[PDB]
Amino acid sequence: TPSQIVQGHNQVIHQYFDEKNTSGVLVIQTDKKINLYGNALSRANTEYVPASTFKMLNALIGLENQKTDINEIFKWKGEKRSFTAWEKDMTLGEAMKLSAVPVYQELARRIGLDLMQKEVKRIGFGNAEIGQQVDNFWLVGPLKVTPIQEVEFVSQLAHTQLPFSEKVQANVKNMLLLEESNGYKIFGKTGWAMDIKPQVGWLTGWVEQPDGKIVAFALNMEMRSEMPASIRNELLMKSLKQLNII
């Protein structure tokens, strides 16, 4: 009789990242319990630049301090943008889905360096340091945050427990819906800091199960330029299925 290799979800998710030849961690939180998966668990408590995951907090700060509203159409004023898909007028929510950096740079400059630093420190997000460059501090430093801190943050958002008004948190959640089917909802925000070394990739969000249970997640991995952006979504969805969260 031969031996049989027994693949549990811990081993499977570890090998998902190995198969992509990179280091990654997946942080899961539900019922105030955090579990770590992937092939590089030390990443969970390591600080990285948040990249576009910071758009969640940018939106919260801008709406709470009445620098914008959910119906405002941010105009494309004619510069060549990184993607043709971004060259249009759009709302905060559409810019969230597209990760349209110039919309959130315009918002960050409305907030201003002083109010932004104060609010980031009030929330206590990551190292809570934004430096002197108001339009890129989440992309190239100095702001950094751990994956555990991101799962804690996004779980509070999902439960309307952040120190913001309830309506503002509800509105930002609505900007983050990615998928609905069979009574499940998946919310989240990607990030990819391409201009630092090593590059860092994020997918932070939560699943609402059909009975209303919230299972939050923060995927964090080393990126390389040859990777398709969808690698983050692929690794997340395969892992969530292995964990029976979806």
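Residue positions are given as counts along the sequence shown, with the first one as 1. Rigid core: the largest C-alpha set superposing within 1.5 Å between the two forms.
If you line up the core and then measure how far each C-alpha sits from this form in 5 other deposited structures of this protein, which stretch comes out higher, 133-141 or 93-101?
Evaluated in 5 other deposited structures of this protein, the stretch farther from the shown form is 93-101.
Greater Cα displacement in 5 other deposited structures of this protein once the core is superposed, comparing 63-71 with 193-201:
More C-alpha displacement in 5 other deposited structures of this protein shows up in 193-201.
State which stretch shows the higher mean Cα B factor in the entry: 171-179 or 130-138.
According to the PDB entry, the answer is 130-138.
Using only C-alpha atoms and the B-factors in the entry, which stretch averages higher, 96-104 or 67-75?
That would be 67-75.
Tell me which of 191, 38, 188, 198 tops the list for C-alpha B factor in the record.
Spelled out: the listed residue with the top C-alpha B-factor is 198.
Name the one of 158, 143, 148, 113 with the greatest CA B-factor according to the PDB entry.
Each of 158, 143, 148, 113 was compared by C-alpha B-factor; the highest is 113.
Can you tell me which third, lowest, middle or highest, the CA B-factor of residue 55 falls into for its chain?
Lowest third, going by the recorded CA B-factors of the chain.
How does residue 32 rank on Cα B-factor within its chain, lowest, middle or highest third?
Residue 32: CA B-factor falls in the highest third of its chain.
Would the CA B-factor of residue 62 place it in the lowest, middle or highest third of its chain?
Middle third of the chain for residue 62's C-alpha B-factor.
Among the modelled residues of this chain, does the Cα B factor of residue 229 put it in the lowest, middle or highest third?
Answer is highest: the recorded C-alpha B-factor places it there.
By the record's CA B-factor, is residue 239 among the lowest, middle or highest third of residues in the chain?
Tercile = lowest for this residue's CA B-factor.
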